[PDB]
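For reference, the chain that follows is the form deposited in one PDB entry, supplied as C-alpha cells.
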C-alpha cells in the first residue's frame, strides 16, 4: 500500500533513518569487475544465491547465468552483467541498515538502454525485498509530458517516490503524484535547498516579499500536497534540503512540523552530520532521511561503512 505506511512500519523494523544512495559510476563497475575476475567471481556467487534475485524482470537468462560469460561467447553482455551484479552486491551488503534506497537516474542513463535495464532490475530487487525506494531524477516538464515520468517512475520501476524540480510550476505535481485513469496516488521530494556550492544563487538571492525562494517554494509544494488528497491517501510531498544548510534545516523543521525531509550531503560533502540537521528532528524519524551514497558504495567494505553510519545516526537519535 501507501508509502507513509511503508516508512513507519519499516523504521519500526530496523530503527534508523539511514538512506543509502546507489549511484554507481563507470569506475565502480570497472573495479568490481576486476576484483571479481581475480577472485573467482566471489560476490557474484553470493548474489546468485540470494533468494529474491529471481524476482527481477530484465535479461534473467544472462543475469542469473553462472560466470562462464567471460569469453564463452557472450562478450557483448559483460558490462550489463557486472553493472547489475555490482548493484545487487551493494544492496545485499547493506539493506539491513537502510530505511530507504535512493538511486540517482543520471548514473543509469549514460550508456544508453543497458543501464535502464539495470535500473529496472535494481528497482524490482528492492520492491521484492519490500524496501522503500526513491528515484532521484529532478524531473520537470509540462503536464501531458511529465506524465511520461510518472509512467516511468511509479508504474514501470514501481518506485515509491522521486525527486522533482518545481521551478516550472507547482502544478506539474498533479501529473506526478496522481493518476486518474488508475485512481492511484504517489509521493515526492521537491528541491528546496541542494548541496552544490553555488545553490544560494537562486534558492536564496531570489525572494517574493522578503522571503527567500526556498521558503516560497517549500510553502508552495506543501500547499499542493494539501490540494491533492495525498496525506489522506497515505502518500506525501516532502523536501530535499542539503545537509550543509543548517539554518534552513531549522527553519523548515519548525515552520513545517510533520513534513518529510530528504537530506543529501553527509560523507563526500560531509560537513557536520550531528549539527541542527539530523537533530532538531525526531518522532516518526522517517521524516528526515539522511542520504549517504559514496561513503558506503566507494568504501572497500560497504557493509562496515553502512553500520558505521547506522550507529552514528542511531546514537544522535536521542
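Only residues modelled in both forms are compared. Here the rigid core means the biggest group of C-alpha atoms that line up within 1.5 Å when the two forms are laid on top of each other. Numbering follows the first chain given and starts at 1.
What comes next is about the form deposited in another entry, which is not displayed.
After superposition on the rigid core, the Cα atom of residue 43 is displaced by less than 2 Å between this form and the one not shown. Once you line up the core between this form and the one not shown, the Cα of residue 291 stays within less than 2 Å of where it was. In this overlay on the rigid core, residue 270 has a C-alpha that sits 2 Å or more away from its partner position between this form and the one not shown.
Relative to the shown form, the CA atoms of residue 137 and residue 268 are pushed 3 Å or more farther apart in the other form. Expansion of the residue 279-residue 311 CA spacing by 3 Å or more is recorded in the other form, set against this form. By the rule of 2 Å per CA over three or more consecutive residues, the rigid core superposition between this form and the one not shown yields shifted runs at 68 to 72, 268 to 271, 276 to 280.
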